[PDB]
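Each chain, letter by letter, is given below.
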Amino acid sequence: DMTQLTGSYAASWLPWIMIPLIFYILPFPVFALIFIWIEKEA
Amino acid sequence: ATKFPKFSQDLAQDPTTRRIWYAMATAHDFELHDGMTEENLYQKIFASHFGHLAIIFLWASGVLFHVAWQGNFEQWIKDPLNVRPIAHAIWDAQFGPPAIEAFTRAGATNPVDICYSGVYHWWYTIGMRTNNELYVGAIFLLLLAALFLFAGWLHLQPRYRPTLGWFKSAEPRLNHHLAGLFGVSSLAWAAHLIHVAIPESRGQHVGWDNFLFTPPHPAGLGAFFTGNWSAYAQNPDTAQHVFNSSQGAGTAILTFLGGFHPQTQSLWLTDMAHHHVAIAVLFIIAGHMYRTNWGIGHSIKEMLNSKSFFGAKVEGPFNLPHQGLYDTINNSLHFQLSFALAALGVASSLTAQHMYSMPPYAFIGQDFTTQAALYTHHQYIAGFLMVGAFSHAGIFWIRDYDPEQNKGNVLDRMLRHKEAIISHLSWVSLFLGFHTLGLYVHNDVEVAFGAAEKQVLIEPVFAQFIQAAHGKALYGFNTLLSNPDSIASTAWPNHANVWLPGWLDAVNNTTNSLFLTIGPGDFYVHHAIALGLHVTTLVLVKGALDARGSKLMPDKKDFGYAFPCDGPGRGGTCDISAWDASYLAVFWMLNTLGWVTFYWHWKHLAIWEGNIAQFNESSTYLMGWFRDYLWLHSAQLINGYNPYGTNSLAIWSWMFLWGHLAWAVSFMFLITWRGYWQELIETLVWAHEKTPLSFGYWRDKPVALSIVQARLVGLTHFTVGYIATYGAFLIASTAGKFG
Amino acid sequence: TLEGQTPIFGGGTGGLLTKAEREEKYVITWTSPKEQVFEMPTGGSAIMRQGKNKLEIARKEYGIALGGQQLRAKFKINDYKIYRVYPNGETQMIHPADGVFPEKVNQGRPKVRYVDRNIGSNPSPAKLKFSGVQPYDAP
Amino acid sequence: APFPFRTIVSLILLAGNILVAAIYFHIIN
Amino acid sequence: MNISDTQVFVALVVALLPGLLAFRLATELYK
Amino acid sequence: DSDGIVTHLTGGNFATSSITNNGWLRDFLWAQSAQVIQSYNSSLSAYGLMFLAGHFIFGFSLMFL
Amino acid sequence: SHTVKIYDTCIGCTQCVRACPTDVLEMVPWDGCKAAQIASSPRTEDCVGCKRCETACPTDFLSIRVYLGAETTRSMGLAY
Amino acid sequence: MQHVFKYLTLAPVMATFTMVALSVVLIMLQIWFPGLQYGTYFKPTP
Amino acid sequence: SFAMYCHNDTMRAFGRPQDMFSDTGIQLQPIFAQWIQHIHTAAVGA
Amino acid sequence: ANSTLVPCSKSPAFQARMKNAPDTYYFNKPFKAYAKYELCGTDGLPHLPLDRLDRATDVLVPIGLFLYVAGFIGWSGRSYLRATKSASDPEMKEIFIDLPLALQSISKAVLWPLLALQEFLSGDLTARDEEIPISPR
Ligand code: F6C
Ligand code: CLA
Ligand code: CLA
Ligand code: CLA
Ligand code: CLA
Ligand code: CLA
Ligand code: CLA
Ligand SMILES: CC1=C(/C=C/C(C)=C/C=C/C(C)=C\C=C\C=C(C)\C=C\C=C(C)\C=C\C2=C(C)CCCC2(C)C)C(C)(C)CCC1
Ligand code: SF4
């Protein structure tokens, strides 16, 4: 059916989790890591 | 101070947000890093180049993996002319059902993107047939990237860090990169074509499991050592050969047929194999020219410093003093990068100009969207490389050029008559601009007043004569290759013109892009391109030659490549740095490549749509370009989504507006300048300090972007919007109208 | 401590900020022959007192602009001084540095950052590569 | 100065342009 | 016939090797 | 018409098309420029010429800015 | 901080000192010119880089030069 | 009146007179000989 | 004002007209301006 | 010989344009001139080729006519400028045109191709390189 995102390729559950992980789950912690790195006192 | 950036204490002590911005912009300018020595500079660059190569290999691995995983390569093989190649799957969780249905196409049951990079045609031609083969290649490139990543780390360890003398040894590097990097690699590719690609195009499978005991030719290697090289050219592929099948298939591995394979309408695989064999021999020979360790060979320093021509006294090569140049190039990484970028820019343009007219991949000439994307891609990259070559030329003048070691040589002479060079470049730009625009608007007025017969329509006779000289008999000229009785066509002494019969068939074919017919409309756009080339060169050359100083700023070299200005004194000095000339030249480079890609796209759109007369009659006046190219072909693009529904062009519709938005944003960074925003920020600083419940507070004081930074940011938005807008239009107006 | 009474001012948004309490602050003091209206460095009008005055300012440029373009040029007041006040209370007088205005030559002032050549004789940056020396700082 | 080296190369390059124009104008074949 | 589940998982595991080596090179260059 | 039924110049596009700037780009700029863009060889050709003239001056101003 | 240098072509016209908005420059005794004085920059830490001194310099080329360098709170002209 | 004559020699005034005169000459050339084209100048009317 | 137009463009491209700011989706009725029209029309008796 | 270009009078596409043209001053005579003298492409519009030994006067006459007029304007401006260099206030003679000086410059510029030739032969056309303001290298 064409009412939902699906995948006929192998392991179609991978984009189901990788897309949230890379685009709106991990990026904020990554920004936090970079912020700490660039604000560290000498 | 902060630990970041590690390479600059001046930035690390900056208490404002400018510290973060400038750290990113100067991170890869290794020469300006604190405590940087020449030996450490080369070692860091060497390791960085290993990282870039690994990124390239990972990028190629990703393209292969996603096609093997989510593409339709095997289905596309069975019908390349009617199956849309799939780039990768789409997972956007905020799609609606109409969007999911629209993007579910090309035989897939899930939303997908249609590949336009031509990798399907390329892999098909070189003998790849199954998704497993693509997967193995992807895994191999993952390991290859790991090998180069380890090499970069290894050559940073103390025992493996090369010395400065190793980096400065020019002659051995040229020998190895010519004979080995260029020659042996070409020979190895010709081996792949002969052993794998050619057999696979004839229906027989050759892989790692059986290539050791499956000879590519019945005569074997005995014919090569005996000298019976003609056996490899016997029995070529027949004119009724079917690609990827044994029907009509020959046995020759190195033919020289020329022209195109009749079915695939692309270059013969056996011709491409013999091409890389000959190229390999030429480059391997070229790799033995310079002396490294055995006395024999030329010394580049001796050649440049030579002042005697077989006894006679000369200033140098062509009686021109080239002395002292060897140390100038060898000690200047910016001089070397200038030639490297210029060569890649020319090669990228040649790739674009020769690939659409001479498609090397099976059926790629019939994928109209792929052809348009590939030409535009490599031409725009060529423009950027051309800008970079002159940008680092200006950096060379300031950082690496010293007049003492170059006194009296050919490089010094160029600087001594820079006014004549710049003024004459200005004259050519003015002449081309005045007359090309003047003739365009003259045709505009006449066509507008119902007097199209009164247009000035100059025939491109010089270029038409070249086409006739190459075998095009359409124009009626009877010279050289268009004259069968000419000594050029007969090659009277030897009659070894075995290239000609195949070449003439492709030249006079009416369904390909080999020497497309040209008229007055093509005449004016080439002169517009000449105007763009000369002005962009004028901006870049003027910036490079004035980088060290001018009458307005005699001591410019002491201020560096990139600085905002020299203040409002002496009349005002905005955009006076050599960096600003490269900044201004990107605008003209984008405009010039815009004219080039508009011309290529519209001409091929008329051909593909069967309306060649539309281009020939409307390209002679600018309203024809505006109405029949831009306005007419935007209809399908802007209807990707509308109040009545959506289709597969919705992405190109949204990206079309996204590019316009980025282009609009750049105008803000380019028109408004810093002091306006600094005063506004100060007001916001007051507001934050006086507002309760706002416990946050800046660790870096917020300041407006610097003068130079704003020019770069505005140029980035301008360029990104430029590319995104035309890219969406190019894909939508071609894919929407064709396959 | 610094003596003097502040000018009549009803308040404004161009005054001191966190930087005054955290990093540094400036004070300009002067004496006027009468009570009169002057323009504040950051907008608005203030009334300077009869005796000795004291004004707190965020930047040194405010004091130079007020003392130079207004106190001397307009009100003919030449005894103004500018101090730099640190958060810990340390105060140093910075203008005029030696009691004489900088535009008037004074004995005992050394030459600072003087280059003993014309500007056109600066060496090219190529000769100073990796040496850490700018062309204008070259001997 | 007559500029011998300058004028020899210039005339050779010009001769190439004239020779190409001869074929272009159907004067020679 | 595209690749299978095992091939995708194998590629993910293999990609860890350039991933770790990229981190080593990046930290080495930072020195 | 005689029955009092009104047919508007653009037929009520505003309610549904003006809520997106793709609708502004397509149904207002692209669609309503048909008269000026096709005015060549007619009495309105001066407007077509000045349409291009205004576009030229806008791009021309960009180098001063 | 910015770097301000004074070259020997100075004629001691005191114009650069008068134009400075932060009192970076002062006039010191000298013998290289008729005015018997030359510009000096003892307080470059207060220099904002406005280049008003260069605008006021009458010599050709300039006898006083400003080279923008590392940015500090007072060199950026920040009241906050 | 000598000041008026001097004003008439001003650069904007002289340029305006020159451009007006050249435009007049070109305009009458279009009226008398409309449709002149390269390959047609100085040829008799057929 | 403007980012809500961008919201509308993204919703329409997604094929989600029900999520748009429109008369048929999420309505934003200018009730105060509509009220003034009614008051001014009824003022004359229409 | 170019074959895709034929005389306009023999072009069927050009003839169709001739009949459909409006009957005004702007089309009656010009179409008659174009048919007799111009070469037309497949689109029926006149084209200007530079590959014909004949009709070379049709190329040289407009080129030479322009080059004479453009050189006349340039030589008038050059001679006038050099005449004002000897004045005490040359700038004021550029915003105030010296009519007796301008007429003298215009009269001599009629023979500018000859004047420029003796100017170049005597070495008075160009100034020496070392006597010209230049920027530092
Ligand atoms: C940090 C903290 C802080 C705080 C607190 O604490 C604050 C606050 C305020 C108040 C007071 C006010 C009001 C609010 C509003 O409405 O607006 C905003 C909004 C928002 C949303 C903002 C935001 C908020 C916060 C940030 C939140 C956060 C959270 C998140 C989620 C985190 C995340 C993390 C991750 C990792 C990513 C404001 C404002 C302003 N801002 Mg402002 N902030 C700040 C930050 C910032 C930054 C970074 C920047 C840059 C971008 C700026 C900017 C700005 C401007 C332009 C302006 C304006 O206009 C305004 C005003 O003034 O008026 C009057 N600002 N501020
Ligand atoms: C540079 C190569 C490259 C690129 C551009 C992409 C691009 C994409 N991949 Mg992908 N992928 C690649 C290689 C690549 N792939 C390789 C080699 C593997 C096998 C390990 C995978 C396995 C994979 C899976 C399993 C999935 C994707 C998916 C996707 C899509 C969403 C992004 C995502 O979730 O990433 C996920 C990426 C990974 C899990 C691993 C990526 C490993 C590569 C080699 C890292 C490359 C880093 C790069 C070179 C450094 C950039 C430097 C910086 C300066 C730019 C996107 C089209 C998703 C998809 O199909 O959505 C529809 C998804 O579910 N990828
Ligand atoms: C609210 C708006 C919105 C958002 C947030 C997204 C978000 C997403 N969409 Mg999407 N989409 C939208 C609206 C939106 N969409 C609309 C209106 C349409 C039309 C109906 C689509 C149609 C659409 C399609 C057809 C596809 C997506 C995809 C994606 C995903 C990939 C991220 C992306 O778009 O690029 C984000 C980009 C980056 C993070 C950049 C990566 C960093 C690299 C290194 C930058 C390098 C720059 C490059 C080298 C220079 C240019 C190169 C170029 C010339 C080739 C992501 C989940 C793709 C997907 O599913 O992928 C898995 C996909 O195939 N969308
Ligand atoms: C092999 C190619 C090559 C190499 C090795 C270099 C190397 C260098 N260039 Mg150079 N350059 C190149 C090509 C190249 N360039 C081309 C093609 C152009 C024309 C556009 C330029 C134009 C150029 C200018 C104008 C300047 C340099 C400078 C420099 C030096 C410092 C780099 C820097 O500023 O820090 C690193 C810089 C950045 C990381 C820039 C940020 C990224 C920009 C803004 C692009 C925007 C990102 C875009 C949205 C997405 C891109 C993909 C994403 C993954 C990043 C360094 C030696 C600078 C220099 O030497 O100063 C004296 C300098 O001023 N280059
Ligand atoms: C449509 C936009 C546009 C146009 C037409 C031009 C035109 C020009 N640019 Mg330019 N430029 C632009 C945008 C534009 N630029 C932008 C956006 C940038 C990025 C900032 C630049 C950056 C740039 C640089 C860096 C350089 C140029 C140069 C040039 C000139 C070289 C071309 C030439 O001589 O042709 C002939 C001249 C023209 C076509 C100009 C139009 C002439 C008009 C039509 C004559 C009409 C006369 C008429 C009587 C006037 C009416 C009366 C009126 C006064 C009221 C030319 C004046 C170069 C230059 O000066 O070379 C000499 C140069 O170095 N430009
Ligand atoms: C309607 C017809 C028309 C119009 C309006 C113009 C308009 C223009 N032409 Mg042009 N031209 C035309 C037809 C036309 N052309 C034709 C048919 C030809 C023959 C192919 C030329 C060849 C031509 C050249 C070669 C040049 C122009 C130039 C110019 C510009 C300045 C002309 C002038 O007198 O400046 C006032 C004059 C001066 C300030 C000094 C005199 C300059 C002349 C042109 C050169 C000296 C003449 C001498 C014989 C040396 C010739 C050098 C040559 C061999 C390279 C102006 C925009 C010039 C230009 O674009 O400059 C950037 C320029 O150099 N035109
Ligand atoms: C006095 C007449 C005169 C003469 C003989 C020249 C001669 C020259 N100019 Mg030049 N120029 C002039 C006026 C003149 N200029 C004026 C007034 C301007 C300002 C618009 C310019 C702007 C200019 C530029 C920007 C460039 C030249 C260039 C050149 C050189 C080759 C191209 C050319 O012929 O210019 C073509 C002509 C123009 C570009 C415009 C000039 C047209 C003006 C309007 C004519 C003025 C006539 C004058 C009022 C007559 C009054 C005389 C009267 C009192 C008796 C050549 C040395 C080029 C160069 O350096 O090449 C090496 C170049 O890049 N000129
Ligand atoms: C045949 C022909 C042709 C071609 C031609 C050619 C190719 C030419 C060349 C030419 C050249 C290659 C030239 C050169 C030159 C050089 C020089 C160096 C010059 C100089 C000049 C001068 C110096 C001038 C002066 C003057 C005068 C005289 C007048 C006015 C003023 C003045 C001052 C400007 C064509 C197709 C187009 C057309 C048809 C015919
Ligand atoms: S303005 Fe220039 S000449 Fe005058 S004192 Fe200052 S540096 Fe010397």
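Residues numbered from 1 in each chain as written, not as in the entry; some residues may be left out. Chains lettered and ligands numbered in written order. Part of a larger assembly, values for the part shown. Heavy atoms only, no water. Residues with missing side-chain atoms left out of burial classes, pairs and counts.

The deposited coordinates for this entry were obtained by cryo-EM, with a reported resolution of 1.89 Å.

The record for the entry shows the title "Structure of Far-Red Photosystem I from C. thermalis PCC 7203". Comment text from UniProt for chain E, heading Subcellular location (unreviewed entry), reads "Cellular thylakoid membrane". Taken directly from UniProt, the Sequence similarities (unreviewed entry) text for chain E runs: "Belongs to the PsaM family." (UniProt positions renumbered as here; feature names shortened; annotations may be inferred.)

Comment text from UniProt for chain B, heading Sequence similarities (unreviewed entry), reads "Belongs to the PsaA/PsaB family." Under the UniProt heading Catalytic activity (unreviewed entry), the note attached to chain B is "reduced [plastocyanin] + hnu + oxidized [2Fe-2S]-[ferredoxin] = oxidized [plastocyanin] + reduced [2Fe-2S]-[ferredoxin]".

K.L.:
Sorry, what's going on with the site of ligand 4 here?
P.N.:
Residue and element names in this part refer to chain B. As a matter of local geometry, ligand 4 sits amid 17 residues, with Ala25, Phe384, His392, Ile395 and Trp579 nearest to it. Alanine 25 is positioned such that a nitrogen or oxygen atom in its backbone is 2.8 Å from an oxygen atom of ligand 4. Here a nitrogen atom of ligand 4 sits 3.0 Å away from a polar atom, N or O, in the side chain of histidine 392. For the shell around ligand 4, the secondary-structure elements that each account for two or more residues are α2 (18-25), α14 (333-357), α15 (368-399) and α22 (578-608). With 6 residues, the single largest contributor to the shell around ligand 4 is α15. Across the shell around ligand 4, the residue classes tally to 9 nonpolar, 6 polar and 2 charged. (Near = heavy atom within 4 Å. Polar contact = N/O pair within 3.5 Å; in protein donor to acceptor, adjacent residues only side chain to side chain. Helix = DSSP H or I, 4+ residues; strand = E, 2+ residues; numbered from the N terminus. Nonpolar A, V, L, I, M, F, W, Y, C, P; charged D, E, K, R; others polar.)

K.L.:
I keep staring at the sheet that holds strand β1 (residues 6-7) of chain J and nothing clicks. Help me out?
P.N.:
For sheets, the rule is that strands pair by backbone hydrogen bonds, running either parallel or antiparallel. Here 3 strands make up an open sheet; going across it, the order is β1-β2-β3 (chain J) and the pairing antiparallel. Looking at the sheet topology across the chains shown, the edges are occupied by β1 and β3 (46-47) of chain J. (Pairing = 2+ DSSP bridges.)

K.L.:
In this structure, what is going on with the coordination of the magnesium atom of ligand 3? I would like to understand it.
P.N.:
Note on metal sites: the ideal angle is 109.5 degrees for four tetrahedral donors, and 90 or 180 degrees for six octahedral donors. If you check the protein contacts of the magnesium atom of ligand 3, you find one donor only, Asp92(B) (OD), at 2.2 Å. Among the structural elements, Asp92(B) can be located in the loop between β1 (86-89) and α5 (97-103). (Donors = N, O, S within 2.8 Å, 3.2 Å for Na, K, Ca; no water.)

K.L.:
Which parts of the structure should I look at to understand the pattern of salt bridges?
P.N.:
Between side chains of opposite charge, pairing is possible as soon as their charged atoms come close. Enumeration according to the criterion identifies 55 salt bridges over all chains in this entry. In this structure, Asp566(B) and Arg65(G) form a salt bridge, with 2.9 Å as the shortest nitrogen-oxygen distance. Here the residue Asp566(B) occupies a position in the loop between α21 (520-545) and α22, and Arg65(G) occupies one in strand β4 (residues 64-67), the pair thus bridging two chains. As far as the burial class goes, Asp566(B) and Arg65(G) line up, both buried. A salt bridge links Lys60(C) to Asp46(G); the nearest nitrogen and oxygen atoms lie 2.9 Å apart. Of this pair, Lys60(C) sits in helix α2 (residues 60-72) while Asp46(G) sits in the loop between β3 (37-40) and α2 (52-56), placing the two residues on different chains. Look at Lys60(C) and you get buried, because its relative accessible area is 5%. (Salt bridge = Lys/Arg side-chain N within 4 Å of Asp/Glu carboxyl O. Buried < 20%, exposed > 50% of the residue type's maximum accessible area, 1.4 Å probe, protein only.)

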